[PDB]
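Presented below is the structure to which this report refers.
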Amino acid sequence: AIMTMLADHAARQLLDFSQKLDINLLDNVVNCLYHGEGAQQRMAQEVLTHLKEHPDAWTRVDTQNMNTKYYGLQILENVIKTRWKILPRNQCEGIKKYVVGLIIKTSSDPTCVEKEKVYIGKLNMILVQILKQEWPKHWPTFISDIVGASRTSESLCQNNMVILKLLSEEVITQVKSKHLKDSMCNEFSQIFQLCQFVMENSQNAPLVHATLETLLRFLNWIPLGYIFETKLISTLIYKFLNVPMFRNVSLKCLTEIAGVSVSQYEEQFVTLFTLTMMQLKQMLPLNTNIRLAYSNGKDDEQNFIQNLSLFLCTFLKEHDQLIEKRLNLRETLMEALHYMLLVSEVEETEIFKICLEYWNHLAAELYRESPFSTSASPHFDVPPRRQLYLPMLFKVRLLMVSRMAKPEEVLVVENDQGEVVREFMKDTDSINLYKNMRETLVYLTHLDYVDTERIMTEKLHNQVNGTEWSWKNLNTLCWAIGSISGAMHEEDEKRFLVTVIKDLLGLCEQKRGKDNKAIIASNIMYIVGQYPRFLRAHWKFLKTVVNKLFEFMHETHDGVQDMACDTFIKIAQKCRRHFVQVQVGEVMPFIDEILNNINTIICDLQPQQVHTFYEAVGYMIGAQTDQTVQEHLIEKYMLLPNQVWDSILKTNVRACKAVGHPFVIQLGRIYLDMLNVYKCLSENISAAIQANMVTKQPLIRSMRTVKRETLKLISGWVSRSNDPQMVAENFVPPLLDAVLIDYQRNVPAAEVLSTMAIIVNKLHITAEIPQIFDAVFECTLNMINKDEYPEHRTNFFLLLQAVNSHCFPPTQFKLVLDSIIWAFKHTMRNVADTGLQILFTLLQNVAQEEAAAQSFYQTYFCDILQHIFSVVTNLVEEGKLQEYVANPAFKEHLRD
């Protein structure tokens with residue numbers, strides 16, 4: 001292992017001696033690749049060599065040559081970003097000239113193509129990294145320079161097309177970009193002219209591909225005169241559309257042309273459409289099934305189709321009106337529409353959203369034209385716009401129904417082998433797919449609910465029959481109905497919906513096994529959830545449904561019950577008014593029936609699934625008034641868990657936030673005991689520390705948790721209450737002795753402050769200020785104004801904020817203001833902006849009164865200005881400073 005030392009000592013000396021040798025450099029970079037230890041040691045050596053300085057790199061390139069090319073290019077590229085601002089502009093521009101020269105040299109060589117242009121690519125990247133920082137205020141002529149230098153050779157020009165592409169990659173706002181266009185237009189016209197030359201004169205395919213690429217990218221910015229006033233359109237139509245080599249890069253261009261807003265040019269757009277169709281019908285046959293061809297379609301073959309959709313969407317969205325207008329064009333537009341409908345059948349994530357993007361718009365427009373549905377047979381005046389697309393609308397309804405995605409609501413998914421199970425690989429992409437299809441289908445359903453009804457009914461009969469019955473085949477349909485929620489009118493919606501429900505129940509009756517039952521239950525649940533307006537119309541129907549839910553929460557197959565609880569909440573939320581009352585069909589209230597059958601239902605559910613259930617029931621019972629009756633019902637509701645408390649609290653506060661304000665009937669009977677025992681626990685803790693780090697003990701935390709959960713409960717009820725009159729006079733007074741004195745009696749080591757901050761918004765807090773801002777103020781700043789305690793900082797400032805804003809001894813006030821100013825000096829946002837608001841309302845309070853209008857000016861006003869002065873970066877002028885300070889428009893003046 002002696003040679004290792006020699007090799008190690010060899011490399012270190014050559015770097016600091018300013019004399020570089022090529023062969024020795026070559027040996028090492030190969031050694032690292034072909035050795036184990038060599039890799040690590042030589043890499044460390046490489047960062048060590050890179051740290052020094054560049055000077056050797058360029059002359060290393062000047063004089064193996066490809067690996068060290070990657071190396072030296074790493075050197076240069078890295079040193080550039082670092083010292084581009086440090087170095088003088090002329091020297092770095094010298095390095096730039098060196099880069100340009102190297103580029104021209106190596107691109108002008110034929111062997112570069114045999115070198116496969118990796119070195120060319122990296123070199124280009126260097127040029128990019130330089131150009132990125134240089135361009136704005138160093139090279140105003142760069143454009144014209146490359147344009148000029150591309151007029152001699154092929155390799156040069158095409159490599160400069162690559163450069164222009166990369167420049168388009170390294171070049172926010174509408175207006176500023178429009179100023180960009182107007183400022184750069186003069187320099188753009190040349191860039192268009194070059195490509196204009198190459199497209200008409202060249203023979204080289206690899207050059208032309210890059211040319212149409214870069215012209216595609218730059219098209220958006222190049223002036224309109226060079227586009228529609230020339231033969232560029234016709235040129236792209238006849239010459240570069242037919243040829244396969246360009247078939248998928250040409251289309252894009254045309255798409256980009258369609259996206260231009262018609263101003264002075266109208267006809268040329270019609271010509272564009274007519275000719276694009278004329279050539280597309282030849283390129284692709286009308287009879288051809290797009291889906292199958294796309295399936296067997298190669299990597300290149302797909303881009304043509306995706307671009308077909310992209311083009312058709314992009315053009316129609318802008319000028320479909322212009323095409324409609326003429327009578328001749330009407331047929332061609334029908335044909336093109338047929339094409340798009342065909343392309344809309346490709347089973348792929350991207351293309352679907354691409355053509356859907358059209359479908360949406362289409363439905364939208366002719367819906368905003370005529371909101372009313374066409375016919376109901378159970379006389380002209382047909383909407384003009386509708387008339388045109390008329391025999392092509394029903395196809396979209398037939399299509400949209402059968403193809404929509406899984407809702408965010410349901411949790412049922414089939415695996416490729418055919419297994420049913422819930423899964424949540426959930427990205428908002430598919431969800432937005434869902435919602436967009438939903439909106440579209442509603443737009444289309446508003447055009448004729450009759451056709452929609454028939455379309456769904458037919459497939460439903462085919463499903464009851466069993467013909468072509470697969471879980472997916474029903475899933476799609478049910479999801480489709482669940483998106484029609486509120487499309488048809490009441491009297492029709494009933495008549496249509498009842499059939500769907502009955503046949504659905506029958507379909508659940510026929511199907512056997514858990515594999516079917518899970519799917520059917522899922523579909524039926526979602527399809528029920530979306531129709532509260534129907535269920536509130538018919539009582540016994542709703543009864544049947546909710547009973548089917550309760551019966552479905554007895555299911556063993558995972559995912560189903562968890563969904564059924566969600567559906568239950570979704571029904572409770574909107575049908576809260578139909579549950580309590582005694583209905584015409586049933587003598588006993590449904591809630592009353594539930595409260596005694598709950599024990600058998602909730603045994604199969606998960607605990608988390610039970611909490612939601614309790615919240616739902618609470619939302620049901622919280623709807624009734626009827627004076628004492630609902631209170632009695634609440635008593636019955638909570639009588640089971642609450643009874644064992646007198647002779648856990650988490651579920652209690654769950655029910656508290658769930659039911660709402662009318663929690664007083666249960667809150668009151670257990671209220672005083674809480675204070676009575678809390679008064680003892682507080683003394684337990686305080687005496688525990690007084691005779692001893694006890695806060696670290698488990699028992700003390702366990703005793704303080706009670707103290708917290710007691711306060712948070714009052715926080716909840718008061719936050720959700722609507723009777724300040726009762727709160728302020730009844731529940732508020734029993735806090736002075738039990739809570740306020742507790743903070744004083746308890747040790748600093750052992751949520752009390754942040755809780756009382758809320759009631760200020762609700763209630764009457766002024767008369768308690770001397771009691772509140774006493775024990776928990778001056779003796780607490782010793783814990784929070786010393787620098788510490790991330791919890792307390794999100795509490796006190798809020799209380800001070802509310803108290804200072806809602807209703808406006810000195811020793812207790814100074815320390816307040818000093819705290820306000822202390823707020824925006826932090827690094828935490830929630831402890832900073834608070835003081836901004838508090839101070840903003842502070843100066844806006846004492847300035848509106850009569851008595852203390854000058855006591856805040858002379859004593860504090862000029863003494864506060866000095867503090868805010870350091871955090872920045874009308875009272876003196878109005879006679880309610882210019883020397884003391886020096887010794888929207890106002891914001892821009894200070895920031896500048």
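Residue names in the structure tokens use chain letters A, B, ... in the order shown, residue numbers from 1 in each chain, and ligand numbers from 1 in the order shown.
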
Discussion item. Give me the residues near residue A:90 as an MDAnalysis selection string, where near means some atom within 12 Å (using only C-alpha atoms) and where sequence neighbours in that chain fewer than 6 positions away do not count.
Written reply: chainID A and resid 84 96:97 134 138

Serialized selection, N, CA, C and O atoms, as a JSON list (two decimals), in the first residue's frame:
[["chain", "number", "residue", "atom", "x", "y", "z"],
["A", 84, "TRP", "N", -19.74, 36.23, -10.76],
["A", 84, "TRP", "CA", -20.20, 37.03, -11.89],
["A", 84, "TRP", "C", -20.48, 38.47, -11.49],
["A", 84, "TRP", "O", -20.40, 39.39, -12.31],
["A", 96, "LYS", "N", -16.83, 35.61, -21.58],
["A", 96, "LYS", "CA", -18.00, 35.42, -22.44],
["A", 96, "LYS", "C", -17.60, 35.26, -23.90],
["A", 96, "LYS", "O", -18.08, 34.35, -24.59],
["A", 97, "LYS", "N", -16.73, 36.14, -24.38],
["A", 97, "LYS", "CA", -16.23, 36.05, -25.76],
["A", 97, "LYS", "C", -15.52, 34.72, -25.98],
["A", 97, "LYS", "O", -15.64, 34.11, -27.05],
["A", 134, "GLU", "N", -26.15, 38.08, -17.65],
["A", 134, "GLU", "CA", -25.59, 39.14, -18.48],
["A", 134, "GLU", "C", -26.66, 39.93, -19.24],
["A", 134, "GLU", "O", -26.67, 41.15, -19.21],
["A", 138, "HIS", "N", -26.26, 44.07, -20.41],
["A", 138, "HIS", "CA", -24.91, 43.85, -20.92],
["A", 138, "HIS", "C", -24.89, 43.54, -22.41],
["A", 138, "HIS", "O", -24.05, 44.07, -23.15]]

Practice prompt. Check the DSSP output for the backbone and give back, as a PyMOL selection string, the residues of stretch 126-212 of chain A in helix (DSSP H, G or I).
Written response: chain A and resi 126-138+142-149+154-169+174-201+205-212

Worksheet item: atom CA of residue A:702 to atom CA of residue A:794: how many Å, to one decimal?
Response: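 Answer for the atom CA of residue A:702 to atom CA of residue A:794 separation: 23.0 Å.
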
Worksheet item: From the list A:447, A:398, A:441, A:277, which residue is nearest residue A:385 when using only C-alpha atoms?
Response: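 Closest to residue A:385 of all the choices is A:447.
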
Worksheet, complete the sentence: Expressed in Å, the length from atom CA of residue A:192 to atom CA of residue A:148 is 12.9 Å

Discussion item. As JSON, numbers by chain, please: the residues near residue A:359 (cut-off 10 Å, only C-alpha atoms, same-chain neighbours under 6 positions excluded).
Written reply: {"A": [313, 317, 340, 341, 344, 353, 396, 400, 436, 437, 440, 441, 444]}

Could those residues be written to a file, using N, CA and C atoms, as an mmCIF file, in the first residue's frame?
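Written file, result_24.cif:
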data_model
loop_
_atom_site.group_PDB
_atom_site.id
_atom_site.type_symbol
_atom_site.label_atom_id
_atom_site.label_comp_id
_atom_site.auth_asym_id
_atom_site.auth_seq_id
_atom_site.Cartn_x
_atom_site.Cartn_y
_atom_site.Cartn_z
ATOM 1 N N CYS A 313 -59.818 22.089 -29.375
ATOM 2 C CA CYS A 313 -60.200 22.847 -28.190
ATOM 3 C C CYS A 313 -59.780 24.305 -28.336
ATOM 4 N N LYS A 317 -62.739 27.203 -28.889
ATOM 5 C CA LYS A 317 -62.987 28.081 -27.745
ATOM 6 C C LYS A 317 -62.933 29.562 -28.111
ATOM 7 N N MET A 340 -63.649 15.687 -32.747
ATOM 8 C CA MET A 340 -63.365 15.911 -31.335
ATOM 9 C C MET A 340 -64.079 14.904 -30.431
ATOM 10 N N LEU A 341 -65.346 14.634 -30.732
ATOM 11 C CA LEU A 341 -66.112 13.637 -29.991
ATOM 12 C C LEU A 341 -65.445 12.266 -30.085
ATOM 13 N N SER A 344 -62.406 12.148 -27.939
ATOM 14 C CA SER A 344 -62.812 12.176 -26.538
ATOM 15 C C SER A 344 -62.977 10.779 -25.934
ATOM 16 N N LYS A 353 -58.739 15.290 -19.859
ATOM 17 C CA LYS A 353 -58.879 16.625 -19.287
ATOM 18 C C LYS A 353 -58.772 17.677 -20.389
ATOM 19 N N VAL A 396 -72.981 13.747 -26.073
ATOM 20 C CA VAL A 396 -72.145 14.195 -24.965
ATOM 21 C C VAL A 396 -72.746 13.779 -23.628
ATOM 22 N N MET A 400 -70.679 11.611 -21.189
ATOM 23 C CA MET A 400 -70.302 12.171 -19.893
ATOM 24 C C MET A 400 -70.768 11.320 -18.713
ATOM 25 N N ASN A 436 -65.363 19.072 -12.552
ATOM 26 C CA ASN A 436 -65.534 19.653 -13.878
ATOM 27 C C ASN A 436 -66.549 18.861 -14.708
ATOM 28 N N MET A 437 -66.437 17.533 -14.679
ATOM 29 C CA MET A 437 -67.394 16.681 -15.383
ATOM 30 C C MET A 437 -68.792 16.871 -14.821
ATOM 31 N N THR A 440 -70.196 20.172 -16.050
ATOM 32 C CA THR A 440 -70.498 20.005 -17.467
ATOM 33 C C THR A 440 -71.803 19.230 -17.658
ATOM 34 N N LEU A 441 -71.934 18.132 -16.923
ATOM 35 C CA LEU A 441 -73.098 17.266 -17.049
ATOM 36 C C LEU A 441 -74.358 17.975 -16.573
ATOM 37 N N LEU A 444 -75.353 20.392 -19.351
ATOM 38 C CA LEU A 444 -75.968 19.639 -20.434
ATOM 39 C C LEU A 444 -77.356 19.137 -20.054
#

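Summary of the local environment: counting only C-alpha atoms, residues at most 10 Å from residue A:247, other than itself and those fewer than 4 positions away along its chain, are residues 240, 241, 242, 243, 251, 252, 283, 300, 301, 303, 304 and 307 of chain A.
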